[PDB]
Structure formats: structure tokens, C-alpha cells
Ligand SMILES: *[C@H](C)[C@H]1/C(=C/c2[nH]c(/C=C3N=C(/C=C4\NC(=O)C(CC)=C4C)C(C)=C\3CCC(=O)O)c(CCC(=O)O)c2C)NC(=O)[C@@H]1C
Ligand SMILES: *[C@H](C)[C@H]1/C(=C/c2[nH]c(/C=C3N=C(/C=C4\NC(=O)C(CC)=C4C)C(C)=C\3CCC(=O)O)c(CCC(=O)O)c2C)NC(=O)[C@@H]1C
Ligand SMILES: CCC1=C(C)/C(=C/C2=NC(=C\c3[nH]c(/C=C4\NC(=O)[C@H](C)[C@H]4CC)c(C)c3CCC(=O)O)/C(CCC(=O)O)=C2C)NC1=O
Ligand SMILES: CCC1=C(C)/C(=C/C2=NC(=C\c3[nH]c(/C=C4\NC(=O)[C@H](C)[C@H]4CC)c(C)c3CCC(=O)O)/C(CCC(=O)O)=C2C)NC1=O
Ligand SMILES: CCC1=C(C)/C(=C/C2=NC(=C\c3[nH]c(/C=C4\NC(=O)[C@H](C)[C@H]4CC)c(C)c3CCC(=O)O)/C(CCC(=O)O)=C2C)NC1=O
Ligand SMILES: CCC1=C(C)/C(=C/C2=NC(=C\c3[nH]c(/C=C4\NC(=O)[C@H](C)[C@H]4CC)c(C)c3CCC(=O)O)/C(CCC(=O)O)=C2C)NC1=O
Ligand SMILES: CCC1=C(C)/C(=C/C2=NC(=C\c3[nH]c(/C=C4\NC(=O)[C@H](C)[C@H]4CC)c(C)c3CCC(=O)O)/C(CCC(=O)O)=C2C)NC1=O
């Protein structure tokens, strides 16, 4: 549970001194691009149900063993729980790119959910591939411009793909 | 919370003597017609969602003030709560005609729900008319012998209409 | 049913994250009751409408 | 898993007591039920494939738009028909499982508990499954008390759907 | 009623503290939002009747079966069309209410909280309302940041539907 | 071939005179018509295949006996359905041709002039085609003045049928 600003504050307190000037110029540029960060969240957030349905749509086209009887996501209840797990992961990705820090995504799902999927018998590979495909579709949905001002989304495509790869690797 | 048998047992214990013979012949006839009671109960139970949807369907056709804005059942949340209240009343009617006693229907709904609808501002008249229409449709659904052997449901139409009128009058 | 009442068991009020934590044994039934009684739908419907 | 013996054990365990004559009444009743219900489940097992195809054809008949419009939720292509008739056979298999188990437990745990959110997420109308279950409960061809309780389970699935 | 000032007061009350600079940041942000949002709500109020009729016609166009089959849930008769376009106007009015209130609170309290069980009980497909909201968010004709947050509220209604 | 420019030339030729301002009034009116009618014809060209299948399914729905009875006039077999939907597409193509031509001439020369004796000889009820044209004029999904004159051409075909 950390912001960008609280991250700089905790680092400056562990140093024990005041915040240096270059960190303040970095935070000024962050305050200039924080709304820019926001547009992806605004346009990432609005298409979330389409994102998770298309992600499960491609995943269960890709691995039909999960839909097959005896598969882990075969049962209707389990399949609803599967879509719930995916939607939760997408929501915490949107939270982490809202606050601009991966510590919320770590705190909320990464530490426990690997052991949860081991204990449940859930294959970590399929949900890892699903989070990867969901992240690819999320950046693909975020990057296109419709009646949108020209802008550079490279460091925020960088950051969003970082958050998605952190989620997919912590899942394993 | 009483059966028919527990009702006779409590009455015989308040008398302090054993059960008289005529009560035992009455209970023998009850044991002969208890399955008969049951057939109506199962064909009443299987169509319950159709019963409550048709009841609300006729009620909100009949009183469009509830659907009108500012009406008591206008809001989507309140309308879902309205259908929930009706389904609960139908379920406890089915319980009371299962056990053959109105004491379960009294115990679970009646003494509190009149004061609840007063305190909520719920019009007791509309829900009374809705329980009456639901009961009329319930006896109408029960009395038709489609793929059922020829028997006599007389007294049980009597009992079911008694339970529905008790519910509608305790609502007021 | 105990914390919300039957009429408040709507799909929109359901705390799916608290249910998964309980089913995984991460939280106790007591902590689940605390999570329900501190939930947004409970505070909006039952706290804000009462003294 | 709401089956009668399981819930009798749950009652006796939550009360903290031994078994009484109540559970034995439950038991002679359950054996009375199973004594026809097992043979009825075998008969449904025999007629299952033709019932599945007839239900799918009745569903395509009442809702002809699903065969026509392009959409991955609709059964216009062939994979929609494979998956579609697969979930028809799923519904029929859950009906037979509840016929064997003697309670609505298997359908409640395998079908009902998430079906609403699944049909919400996938744009599946539940009325399709209601039409299919109505065709099955019309065309299963059983007779007597086994037929009535089979219709009871199918009507329970219908009421759980809508 | 999730509106920003209400939830700021709820945060400060549940923490047990006075208001801080955080709520004042919330406030200058909310006034910045409302400074265009009120005029956008007035513009939607102006274009409302034609938007409602266009959404109803687009819904009849994409789902032509609802105009044809006999059924009280379908808008084949005239009372279905009156009630139907009434709930189109309901959706549009809730969009304008959330535009004025500055949060998703009014639609969450007036529409979303029971819509799933209502569409379950009444055999209404939510995809009809998704098509209507898509037509509204295509044809509302606003521009700029007001248009983006209007599309945000409509997309929120879409995601709450399915 | 009753199209406005052709009939204006026929008027001026039968009168034996040159063109006057009357034909130029006819012309600025015809260009006003075509300025929306060509795009409406393109839109009907886009939606044509789904409209044809929907009209055929509505015709099978309202007249279910034609799918059941054996007879080469009825579409019970598959060749009846191929030929049937072929003449559905014929009717829709003539509607688009009259939309481009700006008059009822193409349908009058390609459809209407012999349709009565053909339906008399072949035991085809014209009410089938009336139902199909009604479904098309309900489900074409156009808007405005293009939609009104499209409905005009379809209603003209209906009145020519029965
Ligand atoms: C529709 C027939 C009528 C109607 C119904 C209505 N009821 C409520 C709210 C409540 N209803 C109850 C009733 C019961 N609760 C029980 O536990 C039992 C027995 C087991 C009964 C009979 C209660 C406690 C409430 C309030 C709490 C809640 O969630 O539901 C409402 C909504 C009122 C609101 O503001 O939410 C409605 C609409 N009202 C009508 O308009 C019809 C006449
Ligand atoms: C009542 C409105 C109509 C009616 C009913 C009726 N039923 C019976 C007898 C039986 N009904 C059943 C039904 C079941 N037994 C089961 O175990 C189940 C599953 C839960 C069902 C559905 C049975 C088995 C009996 C008796 C035993 C048997 O049939 O083998 C009768 C006559 C016999 C009796 O009193 O029980 C009647 C009249 N008949 C009508 O005409 C009404 C319209
Ligand atoms: C807030 C963070 C959080 C996470 C991440 C979380 C995960 C989580 N996923 C679970 C189940 C599940 N998760 C999945 C998901 C999948 N399985 C598959 O087959 C696919 C590989 C994948 C779909 C992407 C499935 C199918 C279950 C059901 C297991 C079961 O019910 O038996 C459970 C067991 C309890 C239950 O769902 O109802 C937990 C606790 N819970 C949380 O509270
Ligand atoms: C919450 C409601 C809300 C929204 C939606 C919002 C968006 C928003 N995006 C902006 C800018 C911008 N937004 C973008 C976004 C992009 N350009 C591209 O070419 C990329 C593909 C894409 C990112 C993926 C860009 C490039 C700018 C330029 C100005 C800036 O840096 O802010 C600005 C600057 C001020 C203005 O435009 O008037 C606004 C208002 N502001 C709000 O208050
Ligand atoms: C054992 C109990 C059980 C049930 C009931 C069940 C239903 C079920 N049906 C599904 C899809 C589907 N369901 C249908 C069914 C139909 N669509 C139509 O047009 C027809 C009217 C109807 C044919 C019966 C179709 C075509 C799909 C594939 C659509 C999809 O991508 O999601 C899915 C999503 C999985 C997937 O996408 O492949 C589930 C979980 N699963 C279960 O495990
Ligand atoms: C303010 C927020 C709000 C919403 C959204 C709302 C929806 C709503 N729509 C209803 C019915 C309906 N909803 C529709 C709508 C349609 N059916 C179609 O075929 C069309 C595709 C679509 C036209 C938009 C129709 C025709 C009815 C009447 C059917 C009925 O008896 O239940 C009902 C049941 C009340 C009744 O039966 O009259 C509710 C509560 N109510 C509300 O208070
Ligand atoms: C371009 C304008 C044009 C039209 C309209 C047209 C109609 C037309 N339809 C015909 C037959 C037919 N018309 C139908 C149509 C139907 N029967 C049904 O049961 C359905 C309700 C309906 C489907 C739309 C069928 C099935 C035949 C083949 C029956 C036959 O042997 O004569 C025939 C006789 C040719 C033949 O026997 O194959 C003509 C000329 N031809 C044209 O050139």
C-alpha cells in the first residue's frame, strides 16, 4: 500500500534527510504525466468486461482441456470462479496503475495466490497465459486513438506491461 | 412451529390425558390424505417462480403507481426486494401446507411483517392484493389434473385458501 | 442472511473477495462477519439510513 | 450436496445428538424413492442421445435467430452446435445424477450455483435452456411416480434458471 | 450514493477526524468536473427524446425477433413499446443524474442494485439494454472531456449489465 | 420502365415539343431523391443476406404448414428452401433496383407484370411474399425519408401482390 509520493517519502525518511531536488523534478514530471497515466486507466477501465470475456474466450479456445470434463475450469461454478479470478487480477492491475506503484498489486494478490493455485490444483500456466493475453489486449485497447489528442504512451505502455508481467510471473 | 401431530400432542398434554380415539381416527384419515395434501404441495412448489412473476405481473399492471417514480416499488433495488418479499410469503405458505399447520406461517411472517410494512412506508393493501392474486393463481395451478390420477382435493383447496387468506389478512 | 437480511442478498452486494479468503482459510468466520458488517453495501443501506 | 442422508447426518451433527427414529423414517422413505428412481435413471440413460438431439432441435425451432446471426454466443457455426449440445447433455446428465442421488444436490452444486453470472457474462439467454428442459420433460417418456419426480427435478432446474 | 463529497465525508467520519487538505483537493477536483458536467447534462436533457427513440429503433433493428414473437416480455404489442421506451428513458435519465451528481451513485442506487434479478425474473435480455446504451454513447453528440466522462458512465452501465 | 426522366422524355415526345421547365423541375426533384436514395440502396446491399434469411424464417414461422406437407410448391424439402430464399433475394434485389432507378419501373417490369398468373399456375400463395415483404419493411433498419420511400416501394409491391 504505497503511492509514488509515499514511496519517495518512505525512501527519504529511510535516508533520514529531506527530499533531494532531482526527486522533486521527477515528481513534478510525474504530476505532469499522472493525468497522462490516467487516460489509459480511464480507457482501460471502461472496457474491462470485454477484456476478461475476450481473454477467457481466447484462452478456452486455446486450451480446451480446461473446458473438457475433469478439467479445472470445467464445472459451471468453477468456470464462474475462473472468470472472477481473472476479473480480480485485472482490477488490481488497474489499481496499481492508478496509484502508480506495484506495491498494491503485490499486497493484494501476488504473495498468496501462487500458493492458493498450488493448493487448489489450479494450473498456474493457463492463468499465467490468460493474464498475459489479457495484458496484451489491454495495451492494445489502450494504445489506439479515437478522437484523442496525440501523445506519447511509451512509458505508460512500459509501466502497464510491467504490471501485467509482474502479475503473470507471480502467478506462475 | 407445530405439526398436525404435535398440535394433537400438545392439546392432549394440556388436557393431561391420553389421546382420545376420535382424534386418532382423524389423524389416521390425515395420514391417509397427507400424501394427498402433498401432491398439491409439490405441484404448487414446482411452479413457484412463474407464480410470483405472474402475480407481480398482474399487480403492477393493476396498480401502476408502484412502478411510477416516487412509488414504493419504483426503484430497481426496491422492486427486487418486492419480488423477494412475495417469494418469501409463497415459500412460507408452502411450508405451512407441508406441515399441515398455520403456526409455521404465523411464526415466520405474520406478527412482525405488518409492523415492518408500516414502518417502511410499504402499502399493505397492494401486497395484500398481491398475496390474494398469488393464492388464487396457486389454487388454479394446483387444481388442474394434468397427467395426474383422479382424486379429491376439496378440503385441501379449503386449507390452502385458508393459509393464503390468513397471510393476506395478517399483512393488511 | 444474518448480517444483511434476506432482501439485501443481491448479486451487487456480494463480497466475492471475502468469500474466496474464507474458503481458502485466510480469514475466520468472525473476520468474515466483521468484513460483511464493515462492507460498503452494509454501511450505505443500514448505517446511512439510521441514527 | 443436499441429499437426504447427508442432510440427516448434518441435522444430527449440528444438534450434537445421536441418530433417532426420524433419520430412520428418512431412510425407509429414501429407499422407497430409490427403488424406482434407479431404474428410471437407467431408462433416461438409455434414451439420452435422442433426447439431447430433440431438445437441441426444439431449441433451434423456437429460437430460429440463434441459427442465423453471426456471433460466438449463438450456435450459427458448427462449434456453437457442438458446445451447445454439449451443455444440453450436461443438463440431462445432471438430471440423471439427481435421480440417482435422490436430491437436488448434484444440480445445485454442478449447475445452479454459478449459472446466473455465467449467462450474464456470456450473453446466453436462460430461456433457451428453459425450452430445452421443457422439451426433455415433455419427451422423456417415463410413467408414474418416477415420471412425476423427474418432472420435479426438471421444474426445479427451470425455476432455478428463471 | 457514491458521490465524491459524500464519500469524502464518509472517509473523514469513519477515520474519526476532521477534514484535511485531501478533501479540499477532492473538492477543487469535483468543481472542475461539474463546471463542464452541468452544461453537458443540460445538453443531454435537450437531445433526450430523439436519443430515446433512436435507441429504441436501433434495439428493434439489431434484435428483430422481439418485435415479432408473441410474449409479454417482448415489445410485439404496443404496451411493450410504451414500457420499453419508458425504460430507455429511465436509463438516459439515470445517465443525466450521474452527470449532475458527479459519480456513479444514482445509477448504482436506482438501476444497478437489482437489475440482475429483475432481468432474471422477467426474461429480459440485458444485451438489449447494452445495445441501447451503445447507441446512446455513439449518438449523444457531445465533444471533449464531457463526452469522455459521459461515455465513462455509459460504459459503467454496460459493464454492470454484462 | 416508369422512371421519372424516362417518363418526362415520353411526355415531351408524345406532346411533340421540346423540354420545358417542367422537366427541369422533375430533374432537380429526382436529384434530390437520389442524393439519399443511392446511399440507402448501398445500406440495403450491406444488410441484404441477413434480411433474406430473416424474411424466410418469418415466413416459415407464420405459415408452418409449408415446412410440413409434401409438395413441390411447398418448401418442405431443401430445394424448395433454395428456390424459396432465391425468390426472397429476388424481391429484395428488385427493391434495391427501384431504389437506384428512382421509380417503380424495375419491379413493375421484372416482378409485377406476370406474378399473378405465375402464382396461379404454381399454387404459390402471394400472402407468403406479403409476409416476407412486411418483415423486410419492418427490419430494414433505415431511418428518415429514405426509410419512408423504401417502405413506399415495399408497400407498392404488397399492393401489387394482393
Ligand atoms: C411487494 C409485494 C410489496 C412491497 C415489498 C417490499 N418489501 C420491502 C422491504 C422489506 N420487506 C421485509 C419483509 C420481510 N422480511 C422478512 O425477513 C420476512 C419473513 C421471513 C418478511 C415478510 C423487510 C424486513 C424489509 C426491509 C429490509 C429489506 O431488505 O428488504 C421493500 C423495499 C423497501 C426499501 O426501502 O428497500 C419493498 C418494495 N412493497 C411494495 O411496494 C409492495 C406493496
Ligand atoms: C390434487 C389437486 C389432485 C389429485 C392428487 C392425488 N394424488 C393421489 C395419490 C398419489 N400422489 C402421489 C404422488 C407422489 N408420490 C411421490 O412419492 C411423489 C414424489 C414426491 C409424488 C409426485 C402418489 C405416489 C400417490 C399415492 C401412491 C401412488 O400413486 O403410487 C391421489 C389419490 C391417492 C392418495 O390419496 O394419495 C390423488 C387424488 N387428484 C385429483 O383429482 C386432484 C386434481
Ligand atoms: C484478491 C485476490 C484473490 C485471488 C487471486 C483469489 C483466488 C482464488 N481462486 C480460487 C478458485 C479458482 N480460481 C480459478 C481460476 C482458474 N483456474 C483455472 O482453471 C484457470 C487456470 C484459472 C482461470 C484464469 C478456478 C477454476 C477456481 C475454482 C476452484 C474450485 O472452486 O474448486 C479460490 C478458492 C475459493 C473460491 O474461489 O471461491 C481463491 C481463494 N482469491 C482472492 O481473494
Ligand atoms: C476523468 C475524465 C478526464 C479525461 C478522460 C481527461 C483526459 C484528458 N487527456 C488529456 C490529454 C492527453 N491525453 C492523451 C492520450 C493519448 N494520446 C495518444 O496519442 C495516445 C494513444 C493516448 C494514450 C494512450 C494525450 C497524448 C494528451 C496530451 C495532453 C496531456 O499530456 O495531458 C487532457 C488534458 C486536458 C484537456 O484535454 O483539456 C485531458 C482533459 N481529463 C479528464 O478530466
Ligand atoms: C455441467 C454443467 C455446465 C453447464 C450448463 C455449462 C455451460 C457453459 N456453456 C458455455 C458456453 C456456451 N453455451 C452455449 C449454448 C447455447 N447457445 C446457443 O445458441 C444454444 C441456444 C445453446 C445450445 C444448448 C454455446 C454455443 C456456448 C459457446 C459460447 C461461448 O464462447 O462462450 C460456457 C463457457 C465455456 C466456453 O466458453 O466454452 C459454460 C461454462 N458448463 C457446465 O460445466
Ligand atoms: C429507473 C430504472 C428502472 C429500470 C431499468 C426498470 C426496468 C423494468 N422493466 C420492466 C419491464 C419491461 N421492460 C421491457 C423492455 C424491453 N423489452 C423489450 O422487448 C425491449 C428490447 C426493451 C425495451 C427497452 C418491457 C417491454 C417490459 C414490460 C414487460 C413486463 O411485464 O414485465 C420492469 C417490471 C415492471 C413491469 O412489469 O412493468 C422493471 C422493473 N424499472 C426501473 O425502475
Ligand atoms: C426476379 C423476380 C422473380 C420472382 C419473384 C420469381 C418467382 C418464381 N418462383 C418460382 C417457384 C417457387 N417459388 C417458391 C417460393 C416459396 N414457396 C414456399 O413454400 C415459400 C413460402 C416461398 C419461399 C420464398 C418455391 C419453393 C418455388 C419452387 C416451386 C416450383 O416448382 O415451381 C417460379 C417458377 C420457376 C421454377 O419452377 O423454378 C418463378 C418464376 N421468379 C422471378 O424471376
Distances from residue D:123 to the same residue in each other copy, label points 7 Å out along Cα→Cβ, in nm, shortest first? 2.1, 4.3
Can you give me the Rg/Rh ratio for segment D:1-133, using Cα atoms for both radii and the Kirkwood formula for Rh? 1.11
Quick note, the protein assembly as shown: a/c under 1.5 would make it rounded; otherwise a/b > b/c is prolate and the rest oblate (a ≥ b ≥ c, C-alpha gyration tensor); here it is oblate
For residue A:9, place a label point 7 Å from Cα along the Cα-to-Cβ direction in every copy; what are the distances to the other copies, in nm, shortest first? 6.7
In nm, to one decimal, how far is the residue B:50 label point from the residue B:152 one, both placed 7 Å along Cα→Cβ? 2.9
Exposure proxy ranking, count of Cβ atoms within 10 Å, fewest first, for C:29, B:104: C:29, B:104
Length-normalised contact order of segment A:91-172, Cα under 8 Å, at least 6 apart, in percent, tallies to 43
One decimal, nm, nearest first: from residue E:20 to the same residue in each other copy, label points 7 Å out along Cα→Cβ, the values are 5.9, 8.9
Rounded, prolate or oblate: which fits chain A, taking a ≥ b ≥ c as square roots of the Cα gyration tensor eigenvalues, rounded meaning a/c under 1.5, else prolate when a/b beats b/c? oblate
Could you calculate the FRET efficiency of residue E:122 with residue C:14 from 1/(1 + (r/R0)^6), where r is the beta carbon distance between them and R0 is 25 Å, rounded to 0.05? 0.75
Distance in nm between residue A:33 and residue C:2 label points, each 7 Å along Cα→Cβ, equals 5.1
Test of understanding: ordering E:18, B:5 by Cβ neighbours within 10 Å, fewest first, what list do you get? E:18, B:5
With an 8 Å cut-off on Cα pairs and a minimum separation of 6 or more residues, tell me the relative contact order of segment B:1-154 in percent. 32
Take the Cβ-Cβ distance between residue D:5 and residue B:12 as r, set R0 to 30 Å, and report the resulting FRET efficiency rounded to the nearest 0.05. 0.40
So, relative contact order of chain F in percent, Cα under 8 Å, 6 or more apart, is 29
Quick one: what do you get for segment F:96-151 if you divide its Cα Rg by 2.2 N^0.38 Å? 1.30
Compute the acute angle (0 to 90°) between the alpha-carbon long axis of helix A:21-46 and the principal axis of greatest extent of the alpha-carbon atoms of chain A; round to the nearest 10°. 30
On the formula 1/(1 + (r/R0)^6), with r taken between the Cβ atoms of residue C:47 and residue A:143 and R0 of 45 Å, the FRET efficiency rounded to 0.05 is 0.60
Residue closest to axis [chain D; rotation mapping onto F; Cβ; Å]: D:61, 4
Which order do E:140, C:7 fall in if you start with the one that has the fewest other Cβ atoms within 10 Å? C:7, E:140
For segment B:23-87 and segment F:16-78, what is the separation of their C-alpha centers, rounded to whole Å? 51
Mean ellipticity per residue at 222 nm, deg cm²/dmol - from DSSP H runs of n ≥ 4 across chain C, formula -39500 (n - 2.57): -9000 deg cm²/dmol
From the alpha carbon gyration tensor of segment B:19-89, can you work out the equivalent ellipsoid semi-axes (sqrt of 5 times each eigenvalue) and give them in Å, largest to smallest? 41, 13, 10
Between chain A and chain B, with a rotation axis joining them, whose C-beta in A is nearest that axis, and what is the whole-Å distance? A:80, 10
Compute the long axis of helix E:126-139 from its Cα atoms, compare it with the longest principal axis of the Cα atoms of chain E, and write down the angle in degrees, 0 to 90, nearest 10. 70
How far is helix F:48-62 tilted, in degrees, relative to the longest principal axis of the Cα atoms in chain F, given as a value from 0 to 90 rounded to the nearest 10? 50
Between chain C and segment E:90-162, how many Å separate their Cα centres? 26
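So basically every Cβ, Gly included, is an ideal-geometry build from the backbone, and we count neighbours across all protein chains shown. The numbers here are math on the coordinates, done by the rules we state, and not lab data.
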